[PDB]
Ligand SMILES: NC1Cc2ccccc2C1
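Shown here is one chain on its own, the form deposited without this ligand, set out as structure tokens.
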């Protein structure tokens, strides 16, 4: 019975194949059929291409050798190579044109999710071209979805030599009968077959996947739309910056390019952006997913005033200073969304662009107490419950698993009614002791939040709500200003606290404001609708933030 799946790169995980480019070049230049492909394979195992595939020579060293083989081939075929014939040009173009075959990767992802050991076995070269980064990026994106990547040029062995197959089996720790092997080259598939492995000759992806699902007994074709890539906390780069003597800020970092600072809500973690971190990095950005003050690995001082917007924003500026960042794009959700509008109002020179999920920008009312304002809205009643130091902590800290299972629910699974929370004396007074697992979260994801909250609890997080008068006074200083930097407001249809209509008057203060809207989405935007969050954010980043 099968437990491992092996995939080739060219013509299997990446399309179009390089072999298909040499053929297309012959057709385009009106060269004799197979002339280029013949020069490419000249001398077979003793040839320059074998030396290249084994790692004896680099791609740049190979270009002149291929040129000589092409001249030799044209001499025998009694033909002439065109005036400006260039192998460098042909290969640069071929390599650049090659993209990931998404449904093949999806099938590999599914087999791995169902327990398979997945591997990439490829005949490749050591790329030293000026444009090598494209291929490096491709390999980077691909390799992280697999248990092993076996490259001919690194192992000094090549397909179809029998030793590379015995090497593959040794790294898989699997007998041939337990392995599926997919290849577009019949000759390279032959030694795997001879060893007793299940083999698939890949021509078109659809037929290959039919053969693959028939042989594994796992649905790979016509499958539901998959979730975006998530994060394994232990595989991330973890960063730490001291912003002041008793305060350290933790963050997870991924990708290269313009700095994108992610700011979570209450009661969350850097991990609330797990479905956005890989996507934004992949889109050409350097992601900095924060553990906000009072959360996870960041410091959680006990004093209420350590959590007023003025100090939180100042500390985020210091965070940029210490990292050597003159700017970052600030993307926030919930309480993070509020911080982010305040970063744009008080430090526009430090904010490349600003985006908020669910949280609208509403200017302070100088004629009314924030206490009065909160009482005017019945959904904002649970905020009065959060005021008394200790009361909400005791309930939230009592059973951590219960807390996150009760809170982190999709729009159609609600267990909480935020009207009369004070009257009823708590958020979970009509919630079960053992809530069911929401469709948005796995048991393991809940246990990550439980472990994070075991360090500091709910004092620091609840203190974000305990600075109303202080935040109101500070916000009143910005009443004459406008947000004129690039800005995005994302509303969530089914968020019954941060309702889309609460954002209706935003253009009076943010005239150039851009919008996004997510149908059938509750309060937990990022995990509720990850695919659509990523699509809105990426489109806005490439257009307005660079």
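Residue numbers count along the first chain shown, from 1.
The form solved in complex with this ligand exists for this protein as well; it is not shown, and the discussion that follows is about that form.
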Placed ligand check: this ligand in the deposited bound form, overlay by site C-alphas, backbone/C-beta within 2.4 Å
open
Could you tell me if residue 472 has a non-hydrogen atom within 4.5 Å of this ligand in the deposited bound form?
yes
Do residue 364 and this ligand come within 4.5 Å of each other in the deposited bound form, heavy atoms counted?
yes
Taking heavy atoms only, is residue 343 within 4.5 angstroms of this ligand in the deposited bound form?
no
Residue 251, heavy atom within 4.5 angstroms of this ligand in the deposited bound form:
no
Have a look at 110, 197, 164, 338 for me and say which one sits with a heavy atom within 4.5 Å of this ligand in the deposited bound form.
338
Which one, 328, 220, 280, 309, lies within 4.5 Å of this ligand in the deposited bound form by heavy atoms?
309
Okay, which stretch from 172-180, 464-472, 315-323, 280-288 lines this ligand in the deposited bound form, with non-hydrogen atoms inside 4.5 Å?
464-472
